[PDB]
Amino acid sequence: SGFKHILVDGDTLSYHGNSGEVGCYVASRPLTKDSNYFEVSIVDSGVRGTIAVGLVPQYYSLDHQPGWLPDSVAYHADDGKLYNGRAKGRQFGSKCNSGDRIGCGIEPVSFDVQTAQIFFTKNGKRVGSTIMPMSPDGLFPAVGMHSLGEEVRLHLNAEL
């Protein structure tokens, strides 16, 4: 789909920007009833650990963290907060660092359109969920980065 300020070497995504540049990566295919979950492993939290993991609609901005703009939702590692439309997060989970993994998926049942029940996980354990007024099958896995040294591994085949 597309990415800016992020180097992609296989399943490894590394921040690659200068002074205040936000890096964003959007997967090619949306989640489905079958492949309804993905995980991101933090290899290095970098200077600020500002890694964001979530779902975004098609055509989402490539220079803004997922969750910051409308119809998108994400779990941010640096504060453990859930972002879903604005740059003000909501207390959600605990902060994540190098070694932790963040997961995001859609409840199979919601794949009956008219609503998407999205859940997040930290190291395989569910943190919390949210239901979006938007329809599923139109949500794409996305990762955001914002500081030097940040690096993760994308696992589109994650289970549990």
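All residue numbers are counted from 1 along the displayed sequence.
- When the two stretches 24 to 32 and 126 to 134 are set side by side, the higher mean Cα temperature factor goes to 126 to 134.
- Comparing the listed residues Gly149, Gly10, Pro141, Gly144, the entry records the largest Cα B-factor for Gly10.
- For the set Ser110, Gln65, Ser41, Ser45, the maximum C-alpha B-factor listed in the entry falls on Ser110.
- When the modelled residues of the chain are ordered by their C-alpha B factor, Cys96 lands in the middle third.
- Among all modelled residues in this chain, the alpha-carbon of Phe119 has a temperature factor (C-alpha) in the middle third.
- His76: CA B factor in the lowest third of modelled residues in this chain (values from the PDB entry).
- When the modelled residues of the chain are ordered by their C-alpha B factor, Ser61 lands in the middle third.
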